[PDB]
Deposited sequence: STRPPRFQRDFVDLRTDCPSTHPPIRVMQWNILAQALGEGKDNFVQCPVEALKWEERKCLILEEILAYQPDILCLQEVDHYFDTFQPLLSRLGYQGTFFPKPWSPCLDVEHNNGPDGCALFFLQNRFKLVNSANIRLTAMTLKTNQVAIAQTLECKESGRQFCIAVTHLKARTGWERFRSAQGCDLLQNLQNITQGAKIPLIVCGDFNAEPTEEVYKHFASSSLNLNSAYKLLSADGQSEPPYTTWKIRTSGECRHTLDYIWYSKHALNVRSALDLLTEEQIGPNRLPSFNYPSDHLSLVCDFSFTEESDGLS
């Protein structure tokens, strides 16, 4: 059976379902897997999990594929490209990859939105973030959702730390301290041992990382979020939101369509 149907939700307890996924850019992708087939696997994965909020990185097919197909399913979407996408250094590419944020229109109202270009000690980086304030149409309850993709690879630890810090400061401005509860999705490109992780875990935004709740004592991150590194997280205001559920890890048409595992959580307000 296909991997999307191999994973099970673990009960931790009308919730808000958040999906976090580096989907692996087309231009950046023995035999190999064609774009036509692979994009379908990506779409089939999203439809199976039917999230309220979808946060993506490495999207280089936003305008031809994901926005028109997800719009038809009731998702309002926002896209923000990297200023110098590495996708452009590839022959026959489809343009720049970037971050993308989708949410169900029939359940949320957009309050405000911010396309952030991350800086690192005043330096303008190639990494971006999108932060949106959403309003739940049924309860009027407001929360902020952010999606980011931090700089990859060994050797950029101090750089990730700095740009992570800039993001934290931006979110702190938007959420006016803690007046507005917060959820952050990302490929942070750092293991829990890096400083940028420790900054998020110790920020005065009082964030916690969702997938830790899948571990035996709930006190440690999962052994990997790729398909041997743990690089993806979902962060949430620990005093305003609780995790009711999380999608557990895995172990041709059965190919997983990305080198990062999708993260999925169900949230509700405390």
Which ranges of the deposited chain go unmodelled, in order along the sequence? 1-2, 16-22, 39-48, 247-254, 279-287, 307-313
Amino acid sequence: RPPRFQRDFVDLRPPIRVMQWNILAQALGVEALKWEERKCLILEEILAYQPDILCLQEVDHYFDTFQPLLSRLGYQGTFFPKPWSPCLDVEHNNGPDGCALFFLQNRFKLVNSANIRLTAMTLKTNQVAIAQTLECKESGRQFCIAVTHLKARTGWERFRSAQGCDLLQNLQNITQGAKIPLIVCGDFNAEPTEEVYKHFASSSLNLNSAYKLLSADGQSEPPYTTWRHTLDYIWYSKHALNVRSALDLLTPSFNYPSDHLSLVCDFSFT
From here on, numbers count along this sequence of modelled residues.
Can you tell me whether residue 13 lacks a model in a third or more of the other compared entries? yes
Averaging only over Cα atoms, indicate whether 16-24 or 254-262 has the higher B-factor in the PDB entry. 254-262
Mean C-alpha temperature factor, higher of 65-73 and 51-59: 65-73
Check the PDB entry and point out which of 124, 149, 160, 92 has the largest C-alpha temperature factor. 92
Going by the CA temperature factor in the entry, name the top one among 176, 189, 115, 133. 176
Going by the recorded CA B-factors, say which third of the chain residue 106 sits in, lowest, middle or highest. highest
Chain thirds by Cα B factor, record data; residue 97 belongs to the lowest
Please rank the C-alpha B-factors of the chain's modelled residues and tell me whether residue 82 sits in the lowest, middle or highest third. lowest
Can you tell me which third, lowest, middle or highest, the CA B-factor of residue 198 falls into for its chain? middle
Can you tell me which third, lowest, middle or highest, the CA B-factor of residue 144 falls into for its chain? lowest
